[PDB]
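Worksheet: the structure to be examined is printed underneath.
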Amino acid sequence: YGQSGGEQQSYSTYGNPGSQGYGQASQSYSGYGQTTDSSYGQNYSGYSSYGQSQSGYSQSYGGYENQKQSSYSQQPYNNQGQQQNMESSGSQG
Amino acid sequence: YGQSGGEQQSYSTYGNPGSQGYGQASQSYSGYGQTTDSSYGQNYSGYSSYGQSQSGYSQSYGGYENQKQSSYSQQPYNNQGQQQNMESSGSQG
Amino acid sequence: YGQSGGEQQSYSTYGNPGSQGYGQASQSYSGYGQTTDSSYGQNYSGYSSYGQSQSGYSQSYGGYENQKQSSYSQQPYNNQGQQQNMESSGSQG
Amino acid sequence: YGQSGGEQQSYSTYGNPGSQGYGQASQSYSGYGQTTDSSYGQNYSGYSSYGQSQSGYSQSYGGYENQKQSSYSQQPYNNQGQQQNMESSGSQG
Amino acid sequence: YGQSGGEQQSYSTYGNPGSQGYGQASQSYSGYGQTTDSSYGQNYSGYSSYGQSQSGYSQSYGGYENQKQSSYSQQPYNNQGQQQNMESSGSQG
């Protein structure tokens, strides 16, 4: 068995991800068929090439700017980061 | 058995990830078929090439700027980081 | 058995990761089939090449700047780092 | 058995990681099939090449700058680092 | 048995890691199949080559600068480091 308290998870991405998977992907083979000279796939996100395919994938991006001041800025304030606060959330027999 | 308190997890990325997987990927073979001269795949994120495929994947990015001042800045304040605060969250028999 | 208090985990990346996996990937073979002259894969993130594939993956990035002042800055303040604070979170029989 | 207090973990990376794995990867073989002249893989992040594949992976990056002043800076203040503070978090019978 | 107080762990990297693993990787063989003229792998991060693959991985980076002033700086202040503070966190019978 196992007993755990509450759970907080936080994810932040500042940038261009090529692909993102968040959910559940399942691929199961419980049968007893024949796969011969073949290929099969599950592509949840991103890029899969199989069979006798001929393909190409290009992703091109310009620049990325985050919390940026161009010339002649007067006392800019830029704040970022992660803060975790936990109280009274230990374990007790 | 196992007993744990609360849990906080925080993730931050400042930049361009080629691929991100966050969720659950499962691939199971419980059957008893034949795989002969074949290939199969689960691609959750990112890039998979199999079968007799001929493929290519290019990702190209410009620059990245974070908490940046161009010329002639007067007393800019740039703050980042991680702070963890925990109180009264130990274990007790 | 095992008893633990609260848990805080914090991750920060300032830069371009080629691939990131955050979640759960499981690959199981509980069956009793034949795999002959074959290949199979689970690709959670990043790059997998198998079968008889011919492929290529290129990632190209420009520069990276973090907490940066161009010329003629007057008393810039740049702060980063990690701070952990723990109180009254030990163990007690 | 084992009893522990609270736990704080903090990770920071200033730079371009080729691949990052954060979560759980499991690969299990509990069956009794035959793998002959074959290969199989789990790729959680990063790069796996097997089967009869022919592949290549290139990652190219420009420069990296962190807490940087270009020419003619007046009394810049750059601060980074790690600080751990612990109070009253020992063990007691 | 074992009793421990609170635990703080802090990791910082200023530079480009080729690969990073943070989480749990498990590879188990509890079955009783035959692996003949074969290879299999778990790649959590970084680079694995097996099977009859032909592959290459290149990572190329420019320079790295941290807490740097270009020419003509007036009284720059650069601070980094690690500080650990512990009070009243010993053991007691």
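Going by the structure tokens order, chains are called A, B, ..., each with residues numbered from 1, while ligands are numbered from 1 in the order shown.
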
- Message: Can you tell me, as JSON, numbers by chain, which residues in chain E count as strand (DSSP E) by DSSP?
- Response: {"E": [7, 8, 9, 10, 11, 12, 13, 14, 20, 21, 25, 26, 27, 28, 29, 34, 35, 36, 39, 40, 41, 42, 43, 47, 48, 49, 54, 55, 56, 57, 58, 59, 60, 64, 65, 66, 67, 68, 69, 73, 74, 77, 78, 79, 82, 83, 84, 85, 86, 87, 91, 92]}

Find the residues near segment 37-52 of chain C: any atom within 7 Å, counting only C-alpha atoms, skip ones fewer than 5 places away on the same chain, and give them as a short mmCIF file (atom, residue, chain, number, x, y, z; two decimals) with N, CA and C atoms, in the first residue's frame.
```cif
data_model
loop_
_atom_site.label_atom_id
_atom_site.label_comp_id
_atom_site.auth_asym_id
_atom_site.auth_seq_id
_atom_site.Cartn_x
_atom_site.Cartn_y
_atom_site.Cartn_z
N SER B 19 11.59 18.34 -28.17
CA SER B 19 10.38 17.59 -27.91
C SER B 19 10.18 17.50 -26.41
N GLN B 20 8.92 17.42 -25.98
CA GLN B 20 8.58 17.30 -24.58
C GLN B 20 7.53 16.21 -24.42
N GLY B 21 7.76 15.29 -23.48
CA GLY B 21 6.73 14.35 -23.06
C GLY B 21 6.37 14.60 -21.60
N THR B 35 6.54 -11.53 -35.43
CA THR B 35 7.04 -10.34 -36.10
C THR B 35 8.29 -10.74 -36.88
N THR B 36 8.22 -10.67 -38.21
CA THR B 36 9.28 -11.18 -39.07
C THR B 36 9.64 -10.14 -40.12
N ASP B 37 10.93 -9.77 -40.17
CA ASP B 37 11.43 -8.77 -41.10
C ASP B 37 10.64 -7.47 -40.98
N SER B 38 10.22 -7.14 -39.76
CA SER B 38 9.28 -6.05 -39.54
C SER B 38 9.82 -5.09 -38.49
N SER B 39 9.15 -3.95 -38.34
CA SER B 39 9.42 -3.07 -37.23
C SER B 39 8.13 -2.35 -36.83
N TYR B 40 7.98 -2.06 -35.54
CA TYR B 40 6.84 -1.28 -35.09
C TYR B 40 7.28 -0.35 -33.96
N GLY B 41 6.49 0.68 -33.70
CA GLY B 41 6.93 1.74 -32.82
C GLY B 41 5.79 2.48 -32.15
N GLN B 42 6.12 3.04 -31.00
CA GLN B 42 5.30 4.05 -30.38
C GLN B 42 6.16 5.30 -30.28
N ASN B 43 5.68 6.40 -30.88
CA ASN B 43 6.36 7.68 -30.80
C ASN B 43 5.50 8.64 -30.00
N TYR B 44 5.92 8.92 -28.77
CA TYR B 44 5.11 9.74 -27.88
C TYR B 44 5.31 11.21 -28.23
N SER B 45 6.58 11.60 -28.38
CA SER B 45 6.97 12.89 -28.92
C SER B 45 8.31 12.71 -29.62
N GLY B 46 8.81 13.76 -30.26
CA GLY B 46 10.08 13.65 -30.96
C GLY B 46 9.96 12.83 -32.24
N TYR B 47 11.03 12.10 -32.60
CA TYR B 47 11.22 11.60 -33.95
C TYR B 47 11.56 10.11 -33.93
N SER B 48 10.77 9.29 -34.64
CA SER B 48 11.03 7.87 -34.82
C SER B 48 11.09 7.53 -36.30
N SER B 49 12.15 6.85 -36.72
CA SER B 49 12.27 6.38 -38.09
C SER B 49 12.55 4.88 -38.06
N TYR B 50 11.71 4.12 -38.77
CA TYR B 50 11.87 2.67 -38.86
C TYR B 50 11.26 2.22 -40.18
N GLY B 51 10.84 0.96 -40.28
CA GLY B 51 10.45 0.39 -41.56
C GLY B 51 11.59 0.49 -42.57
N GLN B 52 11.26 0.83 -43.82
CA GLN B 52 12.26 1.14 -44.83
C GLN B 52 12.17 2.62 -45.21
N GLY C 18 17.66 19.43 -26.10
CA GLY C 18 17.35 18.69 -27.32
C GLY C 18 16.05 17.89 -27.21
N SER C 19 15.77 17.39 -26.01
CA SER C 19 14.54 16.67 -25.73
C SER C 19 14.35 16.64 -24.22
N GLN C 20 13.09 16.59 -23.79
CA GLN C 20 12.76 16.52 -22.38
C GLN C 20 11.68 15.46 -22.18
N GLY C 21 11.90 14.56 -21.22
CA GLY C 21 10.86 13.66 -20.76
C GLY C 21 10.51 13.96 -19.31
N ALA C 25 7.14 6.43 -18.90
CA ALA C 25 7.20 5.57 -20.07
C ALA C 25 7.40 4.13 -19.61
N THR D 36 15.44 -13.02 -31.97
CA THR D 36 16.48 -13.62 -32.80
C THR D 36 16.86 -12.66 -33.92
N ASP D 37 18.16 -12.34 -34.00
CA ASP D 37 18.70 -11.42 -34.99
C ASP D 37 17.95 -10.09 -34.95
N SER D 38 17.56 -9.66 -33.75
CA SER D 38 16.65 -8.54 -33.60
C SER D 38 17.24 -7.53 -32.62
N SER D 39 16.61 -6.36 -32.54
CA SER D 39 16.92 -5.41 -31.48
C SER D 39 15.67 -4.63 -31.13
N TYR D 40 15.54 -4.25 -29.86
CA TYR D 40 14.43 -3.40 -29.45
C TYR D 40 14.91 -2.42 -28.38
N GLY D 41 14.16 -1.34 -28.19
CA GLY D 41 14.65 -0.25 -27.38
C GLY D 41 13.54 0.57 -26.75
N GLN D 42 13.90 1.20 -25.64
CA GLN D 42 13.12 2.27 -25.08
C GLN D 42 14.02 3.50 -25.07
N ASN D 43 13.58 4.57 -25.73
CA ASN D 43 14.31 5.82 -25.74
C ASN D 43 13.49 6.87 -25.00
N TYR D 44 13.93 7.21 -23.79
CA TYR D 44 13.16 8.11 -22.96
C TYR D 44 13.41 9.55 -23.40
N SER D 45 14.69 9.88 -23.58
CA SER D 45 15.11 11.12 -24.20
C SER D 45 16.44 10.85 -24.90
N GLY D 46 16.98 11.84 -25.61
CA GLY D 46 18.24 11.63 -26.31
C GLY D 46 18.07 10.74 -27.54
N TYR D 47 19.11 9.96 -27.86
CA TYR D 47 19.27 9.36 -29.17
C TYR D 47 19.56 7.86 -29.06
N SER D 48 18.73 7.03 -29.71
CA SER D 48 18.95 5.59 -29.79
C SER D 48 18.98 5.16 -31.26
N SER D 49 20.01 4.41 -31.64
CA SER D 49 20.10 3.85 -32.97
C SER D 49 20.32 2.35 -32.85
N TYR D 50 19.46 1.57 -33.50
CA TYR D 50 19.56 0.12 -33.50
C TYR D 50 18.93 -0.40 -34.79
N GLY D 51 18.45 -1.65 -34.80
CA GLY D 51 18.04 -2.28 -36.04
C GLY D 51 19.17 -2.28 -37.06
N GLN D 52 18.84 -2.02 -38.33
CA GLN D 52 19.84 -1.81 -39.36
C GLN D 52 19.80 -0.35 -39.83
N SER D 53 19.55 0.58 -38.91
CA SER D 53 19.35 1.98 -39.27
C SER D 53 20.67 2.64 -39.66
N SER D 55 21.78 6.63 -39.46
CA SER D 55 21.23 7.89 -38.99
C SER D 55 22.33 8.80 -38.48
#
```

- Using only C-alpha atoms, which residues sit within 7 Å of residue 56 of chain D once same-chain residues fewer than 2 positions away are excluded, as a ChimeraX atom specification? /C:55-57 /D:58 /E:55-57

- Non-local contacts of residue 12 of chain E (8 Å; only C-alpha atoms; under 4 positions in same chain excluded) as a list in words: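 Within the cut-off, the hits are residues 11, 12, 13, 14 and 82 of chain D.
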
- Item | Selection near residue 81 of chain E, 10 Å with only C-alpha atoms, sequence-local residues under 4 positions removed, as a PyMOL selection string | (chain C and resi 81) or (chain D and resi 79-83)

Can I get the selected residues back with N, CA and C atoms, as a PDB file, in the first residue's frame?
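Listing of out-v2.pdb after writing:
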```
ATOM      1  N   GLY C  81      19.669  32.632  -8.587  1.00  0.00           N
ATOM      2  CA  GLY C  81      20.146  31.624  -7.667  1.00  0.00           C
ATOM      3  C   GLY C  81      19.028  30.791  -7.050  1.00  0.00           C
TER       4      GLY C  81
ATOM      5  N   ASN D  79      24.976  38.879  -9.039  1.00  0.00           N
ATOM      6  CA  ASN D  79      24.913  37.966  -7.914  1.00  0.00           C
ATOM      7  C   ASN D  79      24.288  36.655  -8.365  1.00  0.00           C
ATOM      8  N   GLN D  80      24.917  35.545  -7.980  1.00  0.00           N
ATOM      9  CA  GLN D  80      24.347  34.230  -8.188  1.00  0.00           C
ATOM     10  C   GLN D  80      24.787  33.343  -7.035  1.00  0.00           C
ATOM     11  N   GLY D  81      24.185  32.158  -6.932  1.00  0.00           N
ATOM     12  CA  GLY D  81      24.648  31.173  -5.981  1.00  0.00           C
ATOM     13  C   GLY D  81      23.519  30.380  -5.334  1.00  0.00           C
ATOM     14  N   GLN D  82      23.920  29.581  -4.348  1.00  0.00           N
ATOM     15  CA  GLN D  82      23.055  28.650  -3.659  1.00  0.00           C
ATOM     16  C   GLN D  82      23.120  28.962  -2.171  1.00  0.00           C
ATOM     17  N   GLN D  83      21.958  29.019  -1.515  1.00  0.00           N
ATOM     18  CA  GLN D  83      21.909  29.236  -0.079  1.00  0.00           C
ATOM     19  C   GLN D  83      20.941  28.234   0.542  1.00  0.00           C
TER      20      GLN D  83
END
```

Contact set, chain C to chain E: 7 Å, only C-alpha atoms, as an mmCIF file with N, CA and C atoms, in the first residue's frame:
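Final file, part.cif:
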```
data_model
loop_
_atom_site.group_PDB
_atom_site.id
_atom_site.type_symbol
_atom_site.label_atom_id
_atom_site.label_comp_id
_atom_site.auth_asym_id
_atom_site.auth_seq_id
_atom_site.Cartn_x
_atom_site.Cartn_y
_atom_site.Cartn_z
ATOM 1 N N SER C 89 11.100 20.571 10.440
ATOM 2 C CA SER C 89 10.679 19.545 9.500
ATOM 3 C C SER C 89 11.624 18.352 9.570
ATOM 4 N N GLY C 90 12.080 18.039 10.787
ATOM 5 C CA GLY C 90 12.869 16.848 11.045
ATOM 6 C C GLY C 90 11.974 15.646 11.328
ATOM 7 N N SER C 91 12.540 14.632 11.991
ATOM 8 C CA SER C 91 11.798 13.434 12.346
ATOM 9 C C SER C 91 11.681 13.327 13.864
#
```
